[PDB]
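One structure is given below, encoded as structure tokens.
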Amino acid sequence: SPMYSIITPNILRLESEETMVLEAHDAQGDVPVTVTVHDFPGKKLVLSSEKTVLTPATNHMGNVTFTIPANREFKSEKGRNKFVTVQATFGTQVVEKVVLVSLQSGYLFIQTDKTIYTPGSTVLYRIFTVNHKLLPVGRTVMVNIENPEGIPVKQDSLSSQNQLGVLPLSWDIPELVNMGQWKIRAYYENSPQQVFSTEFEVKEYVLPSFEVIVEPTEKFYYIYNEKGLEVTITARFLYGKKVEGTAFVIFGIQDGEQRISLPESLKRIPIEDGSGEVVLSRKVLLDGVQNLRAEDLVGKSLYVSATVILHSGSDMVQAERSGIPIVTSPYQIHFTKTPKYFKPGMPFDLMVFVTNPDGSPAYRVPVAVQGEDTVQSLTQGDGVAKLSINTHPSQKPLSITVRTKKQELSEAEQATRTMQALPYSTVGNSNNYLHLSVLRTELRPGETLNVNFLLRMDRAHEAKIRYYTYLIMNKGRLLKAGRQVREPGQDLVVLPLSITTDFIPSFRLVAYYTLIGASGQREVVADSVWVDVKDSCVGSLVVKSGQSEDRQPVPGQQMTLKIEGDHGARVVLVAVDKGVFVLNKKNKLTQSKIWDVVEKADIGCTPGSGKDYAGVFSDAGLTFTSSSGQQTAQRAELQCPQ
Amino acid sequence: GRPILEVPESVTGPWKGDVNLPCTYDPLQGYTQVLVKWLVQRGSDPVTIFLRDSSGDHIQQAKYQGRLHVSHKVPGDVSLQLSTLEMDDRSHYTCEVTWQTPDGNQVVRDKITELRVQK
Amino acid sequence: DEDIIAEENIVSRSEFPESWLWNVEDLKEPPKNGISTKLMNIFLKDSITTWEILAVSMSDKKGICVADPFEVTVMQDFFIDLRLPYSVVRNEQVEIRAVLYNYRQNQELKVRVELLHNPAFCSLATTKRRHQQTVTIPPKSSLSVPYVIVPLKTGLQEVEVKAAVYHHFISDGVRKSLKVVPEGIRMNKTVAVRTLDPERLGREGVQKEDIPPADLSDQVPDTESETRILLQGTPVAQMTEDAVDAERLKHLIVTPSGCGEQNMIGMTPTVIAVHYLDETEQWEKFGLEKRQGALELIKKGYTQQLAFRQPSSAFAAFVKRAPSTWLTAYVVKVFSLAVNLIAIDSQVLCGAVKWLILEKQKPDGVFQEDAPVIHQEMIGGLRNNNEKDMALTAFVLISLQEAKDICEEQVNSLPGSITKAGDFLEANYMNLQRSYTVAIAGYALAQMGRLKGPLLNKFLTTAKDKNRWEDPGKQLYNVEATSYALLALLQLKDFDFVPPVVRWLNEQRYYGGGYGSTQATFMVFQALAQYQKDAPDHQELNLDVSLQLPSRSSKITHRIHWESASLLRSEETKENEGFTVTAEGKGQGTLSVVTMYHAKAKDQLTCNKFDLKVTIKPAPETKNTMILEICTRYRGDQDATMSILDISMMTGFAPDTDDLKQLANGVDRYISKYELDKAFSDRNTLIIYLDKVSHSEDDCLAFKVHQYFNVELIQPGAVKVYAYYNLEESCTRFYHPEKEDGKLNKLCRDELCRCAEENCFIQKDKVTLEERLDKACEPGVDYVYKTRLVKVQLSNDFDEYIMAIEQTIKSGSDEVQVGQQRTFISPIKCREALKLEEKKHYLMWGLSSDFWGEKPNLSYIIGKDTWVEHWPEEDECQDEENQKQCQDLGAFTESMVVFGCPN
Ligand SMILES: *[C@H]1O[C@H](CO)[C@@H](O[C@@H]2O[C@H](CO)[C@@H](O[C@@H]3O[C@H](CO)[C@@H](O[C@@H]4O[C@H](CO)[C@@H](O)[C@H](O)[C@@H]4O)[C@H](O)[C@@H]3O)[C@H](O)[C@H]2NC(C)=O)[C@H](O)[C@H]1NC(C)=O
Ligand SMILES: *[C@@H]1O[C@H](CO)[C@@H](O)[C@H](O)[C@H]1NC(C)=O
Ligand SMILES: [Ca+2]
């Protein structure tokens, strides 16, 4: 029969366009479509809206886009996971489905003017309001200010309507108070369990006149290193010029949260011309862990506290680097990025992720499947190398073990890890597959990208594969979906997918073809693939000393700031005395600490593929369905399961 | 075809002396350069420390001001000259170059380089 | 001095934001490349440092975006860095560092640093003698100048120091400020912890609250006393008992099958499940797509039951059989609840009821059973033979009172067939011995708004142990009748007697299904359903706390609501008072009362973890050099680790070179190669590093301090220890020869102090008449007395001179009568210089700013600005030695008497 399909996101937000793709496979004629979305049980229709006409001048593909309105009766049953139906009427035919619903208007972000405030000072704070496309939007926001012990001493509920989603506020901190870590919590009136925060230290202080920066040669300690942890103090007057002074450093081992001092480590070096070397030796370390069985420090971090004092006596300041990973390898391999399901007989490409001991990426670092010398591959800028292997047509769980293959590092210094991948369960042992491959490069917007569409199946029915339909996930909603064609004789085709701002920070690919065979069985083989994109602002923003390049100004002087950004935007400025950071340099604002949310807040959960065809779609955050009965299973749980 | 940056992985240079963190390419016919960033990577996030646009050089962290003269007279060269070297200059530096093609659109190549300081 | 800039011509660097440039600028200019540019011009703050700037932009299409930091650094070739702390305690002598830097690349700088005089501070600077040093800073360097002061003025006070350089034009000046705070110590003394709860002994007459003043007679005067209030609102929400799990009711999906009475048997547990699963929202766990496969299994029953709909719109087993009074209503019951679920026909559901009222009723109102059904086991408690007339009247009637919502103007005598049938119950409810007819008629009477008094008591009390409504026998007519008892208690709105009835049925976890389950299954899930709709969502707060202090003018109506997601508030009173706290209706709330204040010190004060002693004495055998000794150690006797001794030196004093090198190579101690190679030109500050310091012993050291810059007065120095692991855990002792124990000369009574480091009184020769007549018509000359000294109460700290005013030559701000006595204070270090004696007469000037204490008890002070003069006695005037002065002193008076300063 002409199959009618209906893909939409696994979870649909509130006050949000969520698109939904309508397809009428193998069809004849203009076929109208009403689209309907009742609330769940007790059916009042929150969006009858949207209709269209699936003509044969796209090959019967179209869609419709709606907003689920956060109504009064979506504010009645609080704390249990809400629900909708989606009645996809295809004329005489109807194809409905049940979809989960997160409230989650959008994201919120909170700028402090600093990171630590003295009693009697006013905290200046700015709240940015954005729907999950990270656009600005107008809503209503409950804003709490909570004290040390977790108790709120001020509330508000403001409307960011007509403000470029930039809600400035102030809070005069009283002259007497509980010291400690304060909080500013906020939530959209419609999502009071999705609470965005931001902390800021209240503490008595004057500001220093210089900074310290402790840092080892290596971002880790190795245990069979006879030298010991080599460390460098560096100290500089906030105003650029170096220090002559005298420094007290000391070490200790952190272990969960328990921190152990190493009293006998406490050296007193003088500081010449800013810098000051120092070493926590091995023997002095190991003797302070009377656990004594060398290896036991594996995973136990180290920490250095310094305390630099000037030769006048006028000022001092402490500083500590917490978390030096005591390790048996300066690498670490993760299959966070690599799927967990292969395709029997076809390749299985391994997005190997690889890191230095502080969970950062390591660049140009060779990796290898164990059992496969010669074959190897280098990790690129982000920390991803791609390996790839031919699997045998049997359904045996895979057992891959990837090593680092650096020259310079003895084998026992190389890091390794290992995993298990499973076969995509074909529809009634038919051995029909689809495999999406993408070359391995730091993707920037403006470039264009090749997606290989590989088809593996028995040839008796492969001629009836006129297209792979595909869809794109970014930020939680469907970005785009189209058709990449294929005519017979082939096995691979290649989609030159144009890559724009709209894909940042990452995007998925879900694709599928439809075939009838064996006798009268409707088949749907699908595949996914998650692609990382270069994290960057969508727009752009700089501040520079526009006033004649260089020169160097004096107390009082008037200069000028080129601000260079997006036409029809609003910019909000702050300047801060670097001093403040010497105290607290935490919970400032970072584009990337945003993209963290955006991709903490995904709906997609698997790096690719699934246990079968259903898995493919619902892992990747979609809701395939049809008039034949082939569909994803219900999404019970709102969070990705881990 | 397109441009690629000849930037070496690890460059060593002595204490309180100079060094050339190379970053180069080979100019193509129409590929007009419009932005050269040097991004030092201290933490787990990167930051801009040099910048070049329609109006010359522009240093953006004071702890460099007057130490960092990027190399300008040669086409296909963006090497980071760097004098009176400090210990706190140990880091991974990026070289990021932006080109405009004729067809009123744009492309960007960046490569990364560790600066290590010997004694 | 020569070649310089005078103090009056030096402006201070004042502006010291920690954060600034908070601002909004919109990029309105037109896009070039698609990239817009605004040029903000900006004044810079005087803070010498580096400014990090961070921008964030918000755009219509291009979302949020954050720029990068951009550092802008503000610098000088020469400048000061005044190192004020955060706070400093009143009338406790403190030290502060003023750091100067010279960055001229190859240029020595001869400098003059000056502190400026502020009456908020005792300091060497007096208004007619500046505090100033002259020193030579080398190239690429800094140089610490200390300043030792006393904070007199509590609150927020200012500190200004400046400098110019010789043979050049460079100047600079700092004006930070630091916090002055009460002598004593911070205290929180509570005065009341009351519970706001109108009704619970807030009483019928709503909660009214008196709250007394604090203790307060060990208060340190001239200090704040904030009276705080903490209103909280303490809620507790919900008495909703757990739902019966979804994974358990899977067999209740019974496909309806059979005759007229085997269809409603099998329709119920599927029908009831829906109406329970709608209002628990549970479909989640059970399954979601499994609803649409159960809707049509209700509609199927519905339309399979539409066939038996007898000609007269009634219901029985077959169409051949006569109609059952019970099955009509029970169908009205099963359909009425399913009005939502599907399209039920209007003619039908209000057709079965019109059959019952017209045919099946008595005069008093009994709904009799003309057709005893074949499957009775389905009817639950109706199977017994006693009180059938009562319990069946209630069963048919219950369904009518659930089908009264829809059908209002189809059946006209419905406000009628329920009115008679209720009196039958209400009258004959109190002869029931069984739970069933008490639990089921009770629900029937609970839907009329008619169950009170003796009927309700019996209802609520027929429940054994306050939860279940039971009977003797088959234990399904008890999980049934207890859920007529729940549905009455939920139309009673009585959420006191409800929670147990549920809790019992969630322990009897009865999952329907099987033989004769019908009613048990129906009413138990129709009751544990309605519970989860109506039951308190969130126990209610609506406190309207009124406060009204006599201090303030107006009330303070602290509204309170659950929904207010803090439920926390505060009121700050400045003055301690008695204030009424009324409060009105609902909820429950906290009401703390606290006052911050300060009290006297106790005599084991705050050099907590470091005992420190310091001394200074003169030379050895043979300009003036002395022995600076430091003997220190540390409380909690575990040899403290690594430490600082920070020596500030005395104005133009310098340690010896040799002595220091003795101490540097003496083991368990250290002094750095920097501080040695330093010049004799400047060694005014010096740090001794130490390895160890307990209080087992006292670590004793000393050295020789060569003076090289001769001057009058001189400032003391200060040694100050701390361990490197806390610049809090510290102790700052002083030293200096003339005064001893380094302390500056001040004159304190009780609370406040007078900066006493200046002239005792107007100084010294000719003392001509003009010269006298002039100087007592300057600005602040408030009084002029001829005095006789009547007693001379010397002491250690301050002197006393009871002077009797012999005449007022010029009176003023103090209405003193002739013959009356006034006390004059003067510092001890002036004693010998004044040198007075009793019985003797004096001449006295003085200002208004010189008094001490309030009227009528105004003590005078002798300082820099008073004139005190020996006055020869009457007879002693005639003497060729006291001739001139005597004539002039008694010429001075006549001028002032007859004329008065001719201004
Ligand atoms: C279903 O709904 C989707 C939304 O999910 C609808 O999407 C339509 O998609 C197209 C392309 O994404 C969009 O833009 C038009 O396509 C042109 C492509 O040739 C665009 O030209 C240029 O594209 C360049 C690509 O890099 C770009 O650099 C350049 O700036 C320019 O954009 C041009 O923008 C076109 O307008 C449609 O606007 C969009 N529809 C809507 C409502 O805006 C789509 O209608 C539905 N999908 C299908 C296929 O049925
Ligand atoms: C008591 O005083 C301390 C400071 O000494 C303060 O932090 C705290 O808030 C006070 N506690 C009360 C009861 O408010
Ligand atoms: Ca990314």
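The residues of chain C that appear here are 752-1373, 1381-1522, 1525-1663 by Swiss-Prot count, in order.
Cβ atoms are placed via backbone N, Cα and C, with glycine included.
Some features that Swiss-Prot has for this protein:
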- C:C873-C:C1513: disulfide bond (DISULFID)
- C:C1101-C:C1158: disulfide bond (DISULFID)
- C:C1358-C:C1489: disulfide bond (DISULFID)
- C:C1389-C:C1458: disulfide bond (DISULFID)
- C:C1506-C:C1511: disulfide bond (DISULFID)
- C:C1518-C:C1590: disulfide bond (DISULFID)
- C:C1537-C:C1661: disulfide bond (DISULFID)
- C:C1637-C:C1646: disulfide bond (DISULFID)
- C:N939: N-linked glycosylation site (CARBOHYD)
- C:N1617: N-linked glycosylation site (CARBOHYD)
- C:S968: phosphoserine (MOD_RES)
- C:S1321: phosphoserine (MOD_RES)
- C:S1573: phosphoserine (MOD_RES)
- C:954-973: region 'Disordered' (REGION)
- C:1634-1659: region 'Interaction with CFP/properdin' (REGION)
When you rank C:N939, C:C1158, C:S1321, C:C1637, C:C1646 by Cα distance to C:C1358 (disulfide bond), which of the recorded positions ends up on top as the closest?
C:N939
Within the region 'Interaction with CFP/properdin' (C:1634-1659), residues counted as helix, strand or coil by DSSP:
20 helix, 0 strand, 6 coil
Interval of 7 unresolved-in-model residues, reported as the Cα distance (Å) from C:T1373 through to C:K1381:
11
If you measure Cβ to Cβ, which of the recorded positions C:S1321, C:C1511, C:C1590, C:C1637 are under 8 Å from chain A?
C:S1321
Sorting the recorded positions C:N939, C:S968, C:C1358, C:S1573, C:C1637 by sequence and keeping only those with a Cβ under 6 Å from ligand 2 gives C:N939
A correct count of other C-beta atoms within 10 Å of the C-beta of C:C1389 (disulfide bond) gives 15
Relative to ligand 1, which of the disulfide-bonded residues C:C1101, C:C1158, C:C1590 have a Cβ found under 6 Å from one of its atoms?
none
Three-state secondary structure, which DSSP defines for C:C1537 (disulfide bond):
coil
Could you tell me, to the nearest whole Å, how far the Cα of C:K1522 is from the Cα of C:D1525, given 2 unmodelled residues between them?
6
Rounding to whole Å, the Cα atoms of C:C1389 (disulfide bond) and C:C1489 (disulfide bond) are apart by 13
For C:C1506 (disulfide bond), which residues of its chain lie six or more apart in sequence with Cβ-Cβ distance below 8 Å?
C:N842, C:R1512
Taking DSSP H, G, I as helix and E, B as strand, the region 'Disordered' (C:954-973) contains 0 helix, 0 strand, 20 coil
How many neighbouring Cβ atoms, not counting its own, are there within 10 Å of the Cβ of C:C1511 (disulfide bond)?
17
DSSP-derived class (H/G/I helix, E/B strand, else coil) of C:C1458 (disulfide bond)
strand
Which one of these disulfide-bonded residues, C:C1458, C:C1513, has the sparsest Cβ neighbourhood, judged by other Cβ atoms within 10 angstroms?
C:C1458
Of C:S1321, C:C1511, C:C1537, the recorded positions lying within 10 angstroms (C-alpha) of C:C873 (disulfide bond) are C:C1511
State which of the following disulfide-bonded residues has the fewest other Cβ atoms within 10 Å around its Cβ: C:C1358, C:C1489.
C:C1358
Of the recorded positions listed here (C:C1101, C:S1321, C:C1489, C:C1661), which is spatially closest to C:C1518 (disulfide bond) when Cα positions are compared?
C:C1661
Please report the distance from the Cα of C:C1590 (disulfide bond) to the Cα of C:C1158 (disulfide bond), rounded to the nearest angstrom.
109
Under DSSP, is C:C1590 (disulfide bond) helix, strand or coil?
helix
Comparing the disulfide-bonded residues C:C1518, C:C1637, which residue's C-beta has the most other C-beta atoms within 10 angstroms in this structure?
C:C1518
